Amino acid sequence: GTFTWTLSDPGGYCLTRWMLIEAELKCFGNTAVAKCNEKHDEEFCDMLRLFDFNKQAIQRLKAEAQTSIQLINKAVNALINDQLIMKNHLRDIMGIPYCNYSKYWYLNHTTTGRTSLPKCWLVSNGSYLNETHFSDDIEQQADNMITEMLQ
Amino acid sequence: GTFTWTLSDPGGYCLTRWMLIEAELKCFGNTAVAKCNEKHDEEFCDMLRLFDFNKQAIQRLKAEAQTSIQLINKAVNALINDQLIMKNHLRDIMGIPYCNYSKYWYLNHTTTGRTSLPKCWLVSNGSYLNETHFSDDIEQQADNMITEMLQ
Amino acid sequence: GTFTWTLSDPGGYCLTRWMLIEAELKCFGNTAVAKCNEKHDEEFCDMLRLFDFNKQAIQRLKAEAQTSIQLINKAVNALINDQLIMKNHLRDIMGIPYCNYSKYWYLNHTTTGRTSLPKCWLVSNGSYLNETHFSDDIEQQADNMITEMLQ
Amino acid sequence: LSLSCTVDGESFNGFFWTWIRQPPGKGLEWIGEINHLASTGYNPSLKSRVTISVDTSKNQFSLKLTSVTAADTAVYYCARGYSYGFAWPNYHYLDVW
Amino acid sequence: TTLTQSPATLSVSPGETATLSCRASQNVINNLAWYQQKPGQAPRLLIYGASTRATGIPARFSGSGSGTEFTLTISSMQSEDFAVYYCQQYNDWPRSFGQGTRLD
Amino acid sequence: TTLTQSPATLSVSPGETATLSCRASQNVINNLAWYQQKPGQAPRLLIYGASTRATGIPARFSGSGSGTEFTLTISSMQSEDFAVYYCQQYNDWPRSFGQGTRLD
Amino acid sequence: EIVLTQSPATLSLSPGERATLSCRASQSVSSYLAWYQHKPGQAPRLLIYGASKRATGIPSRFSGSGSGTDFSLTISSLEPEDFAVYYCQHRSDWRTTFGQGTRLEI
Amino acid sequence: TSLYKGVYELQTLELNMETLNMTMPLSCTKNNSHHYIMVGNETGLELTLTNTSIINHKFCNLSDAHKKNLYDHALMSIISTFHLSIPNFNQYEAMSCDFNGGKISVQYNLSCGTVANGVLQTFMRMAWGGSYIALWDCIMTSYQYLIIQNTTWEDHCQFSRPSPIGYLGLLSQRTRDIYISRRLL
Amino acid sequence: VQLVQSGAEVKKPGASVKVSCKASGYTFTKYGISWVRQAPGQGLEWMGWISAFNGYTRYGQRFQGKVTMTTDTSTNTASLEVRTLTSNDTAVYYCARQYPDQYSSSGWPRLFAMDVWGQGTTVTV
Ligand SMILES: *[C@@H]1O[C@H](CO)[C@@H](O[C@@H]2O[C@H](CO)[C@@H](O[C@@H]3O[C@H](CO[C@H]4O[C@H](CO)[C@@H](O)[C@H](O)[C@@H]4O)[C@@H](O)[C@H](O[C@H]4O[C@H](CO)[C@@H](O)[C@H](O)[C@@H]4O[C@H]4O[C@H](CO)[C@@H](O)[C@H](O)[C@@H]4O)[C@@H]3O)[C@H](O)[C@H]2NC(C)=O)[C@H](O)[C@H]1NC(C)=O
Ligand SMILES: *[C@@H]1O[C@H](CO)[C@@H](O[C@@H]2O[C@H](CO)[C@@H](O[C@@H]3O[C@H](CO[C@H]4O[C@H](CO)[C@@H](O)[C@H](O)[C@@H]4O)[C@@H](O)[C@H](O[C@H]4O[C@H](CO)[C@@H](O)[C@H](O)[C@@H]4O[C@H]4O[C@H](CO)[C@@H](O)[C@H](O)[C@@H]4O)[C@@H]3O)[C@H](O)[C@H]2NC(C)=O)[C@H](O)[C@H]1NC(C)=O
Ligand SMILES: *[C@@H]1O[C@H](CO)[C@@H](O[C@@H]2O[C@H](CO)[C@@H](O[C@@H]3O[C@H](CO[C@H]4O[C@H](CO)[C@@H](O)[C@H](O)[C@@H]4O)[C@@H](O)[C@H](O[C@H]4O[C@H](CO)[C@@H](O)[C@H](O)[C@@H]4O[C@H]4O[C@H](CO)[C@@H](O)[C@H](O)[C@@H]4O)[C@@H]3O)[C@H](O)[C@H]2NC(C)=O)[C@H](O)[C@H]1NC(C)=O
Ligand SMILES: *[C@@H]1O[C@H](CO)[C@@H](O[C@@H]2O[C@H](CO)[C@@H](O[C@@H]3O[C@H](CO[C@H]4O[C@H](CO)[C@@H](O)[C@H](O)[C@@H]4O)[C@@H](O)[C@H](O[C@H]4O[C@H](CO)[C@@H](O)[C@H](O)[C@@H]4O[C@H]4O[C@H](CO)[C@@H](O)[C@H](O)[C@@H]4O)[C@@H]3O)[C@H](O)[C@H]2NC(C)=O)[C@H](O)[C@H]1NC(C)=O
Ligand SMILES: *[C@@H]1O[C@H](CO[C@@H]2O[C@@H](C)[C@@H](O)[C@@H](O)[C@@H]2O)[C@@H](O[C@@H]2O[C@H](CO)[C@@H](O[C@@H]3O[C@H](CO[C@H]4O[C@H](CO)[C@@H](O)[C@H](O)[C@@H]4O)[C@@H](O)[C@H](O[C@H]4O[C@H](CO)[C@@H](O)[C@H](O)[C@@H]4O)[C@@H]3O)[C@H](O)[C@H]2NC(C)=O)[C@H](O)[C@H]1NC(C)=O
Ligand SMILES: *[C@@H]1O[C@H](CO[C@@H]2O[C@@H](C)[C@@H](O)[C@@H](O)[C@@H]2O)[C@@H](O[C@@H]2O[C@H](CO)[C@@H](O[C@@H]3O[C@H](CO)[C@@H](O)[C@H](O)[C@@H]3O)[C@H](O)[C@H]2NC(C)=O)[C@H](O)[C@H]1NC(C)=O
Ligand SMILES: *[C@@H]1O[C@H](CO[C@@H]2O[C@@H](C)[C@@H](O)[C@@H](O)[C@@H]2O)[C@@H](O[C@@H]2O[C@H](CO)[C@@H](O[C@@H]3O[C@H](CO)[C@@H](O)[C@H](O)[C@@H]3O)[C@H](O)[C@H]2NC(C)=O)[C@H](O)[C@H]1NC(C)=O
Ligand SMILES: *[C@@H]1O[C@H](CO[C@@H]2O[C@@H](C)[C@@H](O)[C@@H](O)[C@@H]2O)[C@@H](O[C@@H]2O[C@H](CO)[C@@H](O[C@@H]3O[C@H](CO)[C@@H](O)[C@H](O)[C@@H]3O)[C@H](O)[C@H]2NC(C)=O)[C@H](O)[C@H]1NC(C)=O
Ligand SMILES: *[C@@H]1O[C@H](CO)[C@@H](O[C@@H]2O[C@H](CO)[C@@H](O[C@@H]3O[C@H](CO)[C@@H](O)[C@H](O)[C@@H]3O)[C@H](O)[C@H]2NC(C)=O)[C@H](O)[C@H]1NC(C)=O
Ligand SMILES: *[C@@H]1O[C@H](CO)[C@@H](O[C@@H]2O[C@H](CO)[C@@H](O[C@@H]3O[C@H](CO)[C@@H](O)[C@H](O)[C@@H]3O)[C@H](O)[C@H]2NC(C)=O)[C@H](O)[C@H]1NC(C)=O
Ligand SMILES: *[C@@H]1O[C@H](CO)[C@@H](O[C@@H]2O[C@H](CO)[C@@H](O)[C@H](O)[C@H]2NC(C)=O)[C@H](O)[C@H]1NC(C)=O
Ligand SMILES: *[C@@H]1O[C@H](CO)[C@@H](O[C@@H]2O[C@H](CO)[C@@H](O)[C@H](O)[C@H]2NC(C)=O)[C@H](O)[C@H]1NC(C)=O
């Protein structure tokens, strides 16, 4: 199977103050959200789908007895990719930095204000990796996004 | 996993008079059928794959006792996407117009004859939504293929 | 659930002499490898991911009693697409040449050295098909290679 | 009536260890058969009062017959036989005696 | 596979339609061919596939059927249509021809 | 991890091959470096990775092995190949060198 | 269930002659019959298995034939040591069945 | 050595599945009757189609076998995957087992829409590549018994190369066509 | 587009017959050649099919060894050789053009029949 949940709403997605800790609202443009509908290996897309599903379930459905495990059991495969967390678990097993879906990093254009799709931060020794140990990934992301904006 | 069935046959797909009700044979071009092999969230593509599989199974494999439940249970996941019908089920639960896979609509070029990939008709109150309430959607569709006409 | 395993290493992948029978080291460029991360219906990509996973499991982890069925059972769906072999089984049932996972063929540029993504060699009646019976597919691959070379 | 038979050599797995009775003035007959597992076949005529046991540790198989009758005195043979079932021409031969 | 033709002969006057039948031993999905052979002439392809006419063939001839059972229909049978008609399957090897029926 | 060099002394005349062995405490997959230090001079990188030579390094020096066991071979030992050879793993922190070997 | 009957019973045949011994089952057999020779006061030895093959050390004068129901053992030449009893067996599955046997005398 | 479009040459390669041991079981066929699935360079399971049975009792000591943890866990997992994948299995009397001493020995009685059909489907989905010789589907064969035993590794299969496709295929459809035997599971 | 089978010839039984059909008007290497034998008064009978691309041959059940097919792309020619002749071997031989059957992983088989035929070559013993 493959996830079929489409993110809500020009065309971007805005995370409220409740979805973040020690942070305010943050909006991402359509050029970054559109990647979340085609890629299969992005942590932030699955987490955005989970948050959107939670918000829609809260808004459009009632609440009683807190026995909502049925809904998430029914709709788990339509929001996230299980093999992605399987890959993260495998990378954890082999003694390689992995991601527990907590921290994310992205690139901001100071003037234009356009942002890249956030990539989740890496943890090794149960601690967050310093920026110096994945700088090449940041440069690659910047190069790819400059190439995208060039066309 | 994902579906792996490929549609049979220049390059388009033609639905015979038996696959439709109160209609004759209807052909769709290569530019529309080719989208069925990459999109993971197209309902018409899944149903068309089901029809193609049924036709091929009738043509090639023998028929006896009509106990073909094993065959369909064996290859259900190679033809459709279960998360699509799951998404439709959730949309039905939340009191939102959904799709029961019965009726589809598409755009015709009156002179050229080229068409777009059909999208299924939404339903509410056990009745089809009427063209005004999704007219904007239709507009978008036109724009999309207008861009496809640019190249 | 789509696979999430990414191939190791400029940008291509090299099959060592151990993974090939009666052959020396072979190498494929970045362009051919990049198709393995986007398409869900390539047998060579699935087997290449299997070989990469085996190599990484041997290097990173230890060995004990060689009873590592648990590891492959956990990560079977993060490497291959089961619906691909399911479709091959269906094609075998219907009396049609199917994808025996042994042999593959590809097109080599005489001077540049560019190589297309290998496609598996079809078998029928327990014997390999002979290229006079799938020359059209080879011509299509050559046309696609020329088109890619144009851009 | 208790009898035992041990194998000289070769292997104990994959064969059938049968017992054959030859009464005076009568023909050969098969009374029982075992393999290296506990599986056993018996002749229906005397199935009630016959048991066959196998010990793989010392490669031995034994026959026990209760309610011995004066009409059951005969010559007893322990034989090793092999059965083929992989191709159509099927053969079972009592290999050694 | 061996396929046979039921009529094996057809003495039909000009003007009306003619019907020819072809029965296959096993399943042959729309992979049939109908040829005609004039007296003292090489055969020519009339119908390729179950119900598809070859180039240059007049619309008088029309094929139909599938699976095991196939039929060929001639609407306005004329003088030039007096030939020997052959049924061939090309679903599998070796290719097999029919016994042929004579239309006189 | 701590790695040791068992031979620690190779008294070999020029002309023939020489072999040095490196053994690591734990698994170090193809992440080993072989350095050469002339008497009084700073060490220079000969081999990085399991079997990859640095730029400007003559093909006489060859690395091999993996996991725990690694070997460095000199085929035609010349006059300038007499130096102290060092083994350093960099699969994990902290980086650890070997006790060295005096090749004369 | 299945029963093997031997048509020959007691054959006084002169030496150096052809000896045919045919036995048949009640219905079609699954395993081809096996022919054994039993000397007086001695352990029987295997002669034919598979109704056409010969065991190790068996002289070439012994031949086997048959298919379906009838199975025949043929002896090219008779010798003083060739006068004994002959049996044909079938096994099916876990049920070994012998025959009434036939004897050869000078 | 034909040249395609005047610039492209056709080349082929063959994959060595035999180096995939120690991580995946490898299945391959020796001849019509014998088939093998090997784990490591030590152990494996031999599957044979026979007219001769090795088990006469209609017993399967599964709970007792689990109580005495003597068998190989990998082989038991493989046989569990095989058994669970049988479509529409309802004749429990047609399967016999023997686990005494730590060995494993399974016998399937094949004597359509019967137990033999589903057993053959699962079998040729496991030994996919060389099991087509003994051929909607409605599979029927002249063999009466299917025997699975354990064996040591050997250069057995000469009709088809080893391949992990069959096991990786029956892994997906494991608990998919099992009937219900009790109200509460 | 047509095919020419170089007239016809006859010979005594026991000799060998070499029948040549020359193709023109189309690319020879894209189509194979099938051979059909029609006995006098009898229906058509299939003999074999040889691909002009590389020479791959499919033979009849009863024609292996007795009958051979060869190709020559230099002069666009197909040749049929019969080594043993018999009273029942007298017939008319037809050279027909047939596209090779095509298979692909992402697709379904496309099978072809005999498109064009040449004039028959008669052989009597
Ligand atoms: C993915 O992987 C990363 C890396 O491993 C991991 O990051 C770690 O997350 C945990 C989350 O709990 C972090 O732990 C927190 O650390 C803070 C900082 O501690 C400092 O201050 C305390 C004094 O409060 C000192 O003793 C200490 O030495 C440090 O100087 C703690 O303050 C947190 O505890 C508080 O919050 C908890 C929330 O439940 C309370 O339960 C707890 O009692 C503490 O409460 C205090 O503060 C409250 C206000 O926030 C107040 O109301 C209370 O009364 C009380 O005063 C917490 O332990 C850890 O530091 C992270 N590691 C790094 C390297 O940053 C991710 O969590 C992981 N993601 C996953 C698994 O999803
Ligand atoms: C997805 O969601 C949509 C949204 O609702 C849904 O559409 C509805 O489909 C149903 C199923 O077809 C439609 O119901 C049909 O309605 C027609 C029209 O009914 C009018 O006319 C009759 C008089 O004929 C009036 O009584 C009625 O009040 C309406 O004014 C009916 O004619 C249909 O019944 C016939 O067909 C059935 C099919 O089996 C028969 O069982 C039935 O007995 C009727 O057949 C009789 O008449 C035939 C013609 O004369 C004759 O040949 C027969 O032998 C027999 O005598 C049927 O009830 C409904 O209208 C649709 N709703 C809308 C708003 O269009 C989709 O069905 C749904 N899809 C899926 C897959 O779930
Ligand atoms: C697919 O492939 C499999 C395996 O390759 C094949 O199964 C094999 O079938 C053959 C029959 O053609 C079996 O051969 C017989 O095996 C028995 C069993 O004894 C040993 O068997 C194995 C293999 O050696 C050992 O591991 C085991 O421990 C046993 O020791 C033998 O007893 C047979 O030998 C007798 O018959 C031979 C002729 O058939 C004689 O040459 C031989 O000398 C024996 O005859 C004589 O024996 C005595 C002397 O010792 C003598 O006193 C007697 O009077 C008698 O005359 C025979 O070798 C083989 O074991 C099978 N292998 C397995 C693994 O089961 C399948 O048949 C094949 N499938 C198809 C469709 O082809
Ligand atoms: C995809 O589909 C293809 C085809 O449908 C299939 O490929 C076939 O695989 C089988 C199994 O590997 C191949 O069979 C091999 O054939 C070779 C050559 O055949 C002839 O060899 C000699 C002449 O050289 C003849 O005497 C012989 O009779 C054959 O006619 C054999 O040599 C192979 O046997 C050896 O290897 C086996 C496996 O290792 C051993 O079990 C066997 O005992 C042989 O080993 C002996 O010789 C070796 C040296 O030759 C020596 O090193 C050993 O120690 C030992 O002494 C084997 O029978 C077959 O050719 C392939 N092709 C075709 C068209 O059938 C794929 O298997 C399939 N893919 C999958 C995944 O199933
Ligand atoms: C697909 O089919 C292709 C053609 O079909 C074959 O046609 C003939 C040749 C039979 O083999 C038939 O059984 C096949 O169906 C096939 O291509 C052909 O494959 C064969 C087999 O490898 C090649 O034969 C070899 O030829 C070389 C020499 O090549 C020259 O001569 C041939 C004519 O014989 C020309 O056609 C070539 O263009 C070259 O000019 C021989 O050296 C070789 O061995 C011979 O010599 C040794 C040593 O003296 C002897 O021991 C042997 O017994 C031989 O006598 C082969 O005979 C053939 O060249 C090749 N043709 C082409 C155009 O490629 C192809 O391999 C098939 N693909 C498959 C099966 O995957
Ligand atoms: C959604 O909710 C109801 C459901 O609509 C009704 O049920 C569906 C399954 C379909 O069968 C609909 O065709 C059907 O109408 C809607 O309420 C419905 O409104 C219509 C208005 O036309 C009512 O029909 C009227 O009924 C009265 C009394 O019988 C007649 O006098 C009128 O001539 C006319 O026929 C219908 O009865 C009513 N449904 C019920 C159960 O009473 C509702 O309007 C709709 N919501 C929206 C926003 O459209
Ligand atoms: C489909 O395949 C069968 C069997 O194929 C056989 O097994 C495969 C695994 C491959 O190894 C094949 O190469 C192999 O033939 C074909 O039937 C068999 O065809 C061959 C010839 O192609 C026959 O061999 C002949 O044998 C006679 C003597 O009996 C010789 O005189 C001939 O020269 C020739 O060698 C063979 O007898 C035949 N049957 C068997 C059981 O092998 C089959 O033709 C093929 N095609 C179709 C449409 O079924
Ligand atoms: C395994 O054993 C069966 C026979 O088993 C017997 O029949 C079953 C239906 C069950 O009742 C079993 O309990 C019982 O023991 C073998 O079937 C046999 O197949 C062969 C070959 O097809 C048949 O040989 C015949 O040969 C003549 C002459 O050529 C032909 O005219 C016949 O048409 C037929 O081919 C034989 O009759 C048949 N035995 C039967 C039906 O009882 C089976 O082949 C065997 N399998 C193997 C791999 O050895
Ligand atoms: C099981 O698969 C493993 C691979 O995962 C096979 O091990 C490989 O075996 C080959 C042949 O013995 C080894 O090749 C050797 O390489 C050395 C250099 O390292 C060379 O000097 C030797 O001459 C030889 O060619 C290979 O290294 C080895 N790989 C590993 C990782 O150990 C094994 O053979 C397979 N077992 C079976 C039963 O198939
Ligand atoms: C494999 O399955 C076959 C088919 O079920 C088994 O054969 C059957 O065996 C039973 C005995 O276990 C037979 O029942 C007996 O029938 C006779 C005659 O009717 C009756 O007198 C007995 O009292 C008993 O009921 C049954 O007939 C027989 N069926 C066939 C078709 O042979 C076979 O035993 C099984 N194999 C193993 C090893 O268990
Ligand atoms: C899109 O519209 C064209 C006409 O503009 C449709 O083509 C017609 O199809 C019918 C039925 O086969 C024919 O009778 C007409 O002759 C066709 N018209 C022309 C101009 O060719 C076409 O079918 C429509 N597309 C779809 C998917 O229905
Ligand atoms: C099947 O597995 C069983 C259980 O491991 C094997 O039996 C044991 O084999 C080991 C290895 O030789 C011996 O040390 C044990 O003494 C055996 N135990 C018993 C109770 O026999 C058995 O050998 C395996 N089968 C084959 C054919 O190898």
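Our structure's up above, just so we're on the same page.
Enquirer: Explain the site of ligand 1 here, please?
Expert: Residue and element names in this part refer to chain A. Looking at ligand 1, the residues that line it are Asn-100, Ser-102, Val-123, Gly-126, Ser-127 and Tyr-128. In the environment of ligand 1, an oxygen atom lies 2.4 Å from a nitrogen or oxygen atom belonging to the side chain of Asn-100. Contact between ligand 1 and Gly-126: an oxygen atom at 2.4 Å from a main-chain N or O atom of the residue. Within the complex, 17% of the 1,200 Å² of free accessible area of ligand 1 lies under protein. Across the shell around ligand 1, the residue classes tally to two nonpolar, four polar and no charged.

Enquirer: When you look at the interface of chain C and chain H in this model, what are you seeing that I'm missing?
Expert: Put simply, an interface is often sized by how much accessible area is lost when its parts join up. Tallying the contact residues gives 54 residues for chain C and 40 residues for chain H. The three residues of chain C that bury the most area against chain H are C:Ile21, C:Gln66 and C:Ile69, which together make up 16% of that side's buried surface. Where chain C touches chain H, the interface holds one salt bridge. H:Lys5 is the partner of C:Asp143 in a salt bridge, and the nearest nitrogen-oxygen pair spans 2.4 Å. Here chain C is connected to chain H by 15 residue pairs in polar contact. Taken together, the residues of the side of chain C that touches chain H sort by class into 34 nonpolar, twelve polar and eight charged. Sheet topology places strand β3 (residues 103-109) of chain C next to strand β2 (residues 8-14) of chain H; seven bridges connect them, and they run antiparallel. Bridge pairing links C:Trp105 to H:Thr12 in β2(H).

Enquirer: Looking at this model, I keep getting lost on the pairing of strand β3 (residues 32-38) of chain I. Mind explaining?
Expert: Remember that side chains alternate between the two faces of the sheet whenever the strand is regular. Residues and elements named next belong to chain I. Among the seven residues that make up β3, seven are buried, leaving the element largely enclosed by the rest of the structure. Of the two faces of β3, both are covered, the one formed by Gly-32, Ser-34, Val-36 and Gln-38 as well as the one formed by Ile-33, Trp-35 and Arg-37. Pairing between β3 and strand β4 (residues 44-50): six bridges, direction antiparallel. Note that in β4 the partner of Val-36 across the bridge is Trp-46. The turn linking β3 back onto β4 is made up of five residues, and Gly-41 within it adopts a positive phi angle of 85°.

Enquirer: What is the right way to read the interface of chain G and chain D from this model?
Expert: In this assembly, 21 residues from chain G lie in contact with 25 residues from chain D. Carbon and sulfur atoms make up 65% of the surface buried where chain G meets chain D, a total of about 2,000 Å² over both sides. It is G:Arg91, G:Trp94 and G:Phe98 that lose the most area in chain G upon contact with chain D, and together they represent 30% of the buried surface on that side. Our count for the chain G to chain D interface comes out at one salt bridge.

Enquirer: Quick question: what am I supposed to make of the nonpolar core here?
Expert: Soluble globular proteins tend to pack their nonpolar side chains together in the buried interior. With 85 residues, the main nonpolar core has C:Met47, C:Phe53, C:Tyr101, H:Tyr108, H:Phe123 and H:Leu146 as its most contacted residues. Sort the elements by how many residues they give to this core and helix α2 (residues 43-60) of chain C lands first, with eight residues. With sequence-adjacent residues up to four places away left out, H:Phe123 is seen in contact with H:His35, H:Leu47, H:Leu49, H:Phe82, H:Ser131 and H:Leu146. Grouped together as the second largest cluster of nonpolar side chains are 52 residues, C:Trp121, E:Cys22, E:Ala83 and E:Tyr86 included.

Enquirer: What's the story with the sheet that holds strand β7 (residues 77-82) of chain I in this structure? I'm lost.
Expert: One key point about sheets: their strands pair by backbone hydrogen bonds, in either a parallel or an antiparallel sense. All names here are of chain I. Strand order across the open sheet formed by four strands is β1-β2-β7-β6, with antiparallel pairing between neighbours. Strand pairing shows two members of the sheet lacking a second neighbour, β1 (3-4) and β6 (67-72), which therefore form its edges. The sheet contact formed by β6 and β7 spans six bridges and is antiparallel. If you follow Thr-71 over to β7, its bridge partner there is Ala-78.

Enquirer: For this particular structure, what's the right way to read the sheet that holds strand β5 (residues 61-66) of chain E?
Expert: All names here are of chain E. Spatially, β2-β6-β5 is the arrangement adopted by the three strands of the open sheet, whose pairing is antiparallel. For this open sheet the edge positions go to β2 (18-23) and β5, each flanked by a neighbour on one side alone. Each strand of the sheet is rotated relative to its neighbour by a mean of 15°, with strand direction disregarded. Examined bridge by bridge, β2 and strand β6 (residues 69-74) share six bridges and lie antiparallel to one another. Paired with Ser-21 across the strands is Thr-71, a residue of β6.

Enquirer: Would you explain a nonpolar patch on the surface in this entry?
Expert: Residue and element names in this part refer to chain A. Residues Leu-50, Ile-69 and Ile-72 make up a contiguous nonpolar surface patch of about 230 Å² in total accessible area. By secondary structure assignment, the location of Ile-69 is in helix α3 (residues 69-75). Classification of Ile-69 as exposed rests on a relative accessible area of 55%.

Enquirer: I would appreciate a short explanation of helix α5 (residues 135-150) of chain C in the present structure.
Expert: Each α-helix winds once per 3.6 residues, and so residues spaced three or four apart point in a common direction. With 16 residues, α5(C) should cover 22 Å at 1.5 Å per step; its first-to-last C-alpha distance of 23 Å lies within 8% of that length. Of all the residues in α5(C), the buried ones are C:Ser135, C:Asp136, C:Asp137, C:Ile138, C:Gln141, C:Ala142 and C:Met145. The inward-facing, buried residues of α5(C) contact β3 and β4 (119-120) of chain C together with β1 (3-4) and β2 of chain H.

Enquirer: So what exactly am I meant to see when it comes to the side chain of H:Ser105 here?
Expert: By secondary structure assignment, the location of H:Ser105 is in strand β7 (residues 105-109). Beyond its immediate chain neighbours, meaning those up to four positions away, H:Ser105 contacts D:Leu37, H:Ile54, H:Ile55, H:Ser96, H:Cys97, H:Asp98, H:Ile148 and H:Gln149.

Enquirer: Just checking my understanding: could you explain the arrangement of the chains for this structure?
Expert: Ranking the 16 pairs of chains in contact by number of contacts places chains C and H first. Taking C-alpha atoms as the reference, chain D and chain F come no closer than 42 Å and do not contact one another.

Basis of the calculations
Residues numbered from 1 in each chain as written, not as in the entry; some residues may be left out. Chains lettered and ligands numbered in written order. Part of a larger assembly, values for the part shown. Heavy atoms only, no water. Residues with missing side-chain atoms left out of burial classes, pairs and counts. Near = heavy atom within 4 Å. Polar contact = N/O pair within 3.5 Å; in protein donor to acceptor, adjacent residues only side chain to side chain. Areas by Shrake-Rupley, 256 points an atom, 1.4 Å probe, with all protein chains shown as cover. Nonpolar A, V, L, I, M, F, W, Y, C, P; charged D, E, K, R; others polar. Contact = heavy atoms within 4.5 Å. Buried area = accessible area lost by both parts, 1.4 Å probe. Salt bridge = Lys/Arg side-chain N within 4 Å of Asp/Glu carboxyl O. Pairing = 2+ DSSP bridges. Helix = DSSP H or I, 4+ residues; strand = E, 2+ residues; numbered from the N terminus. Buried < 20%, exposed > 50% of the residue type's maximum accessible area, 1.4 Å probe, protein only. Core = buried A, V, L, I, M, F, W, Y, C linked by side-chain atoms within 4.5 Å. Axes fitted to C-alpha atoms, helices over the stretch in contact; angles between N-to-C directions. Patch = residues over 30% accessible without salt bridge, like charges linked within 9 Å, V, L, I, M, F, W, Y side chains within 5 Å. Expected span 1.5 Å × (residues − 1).

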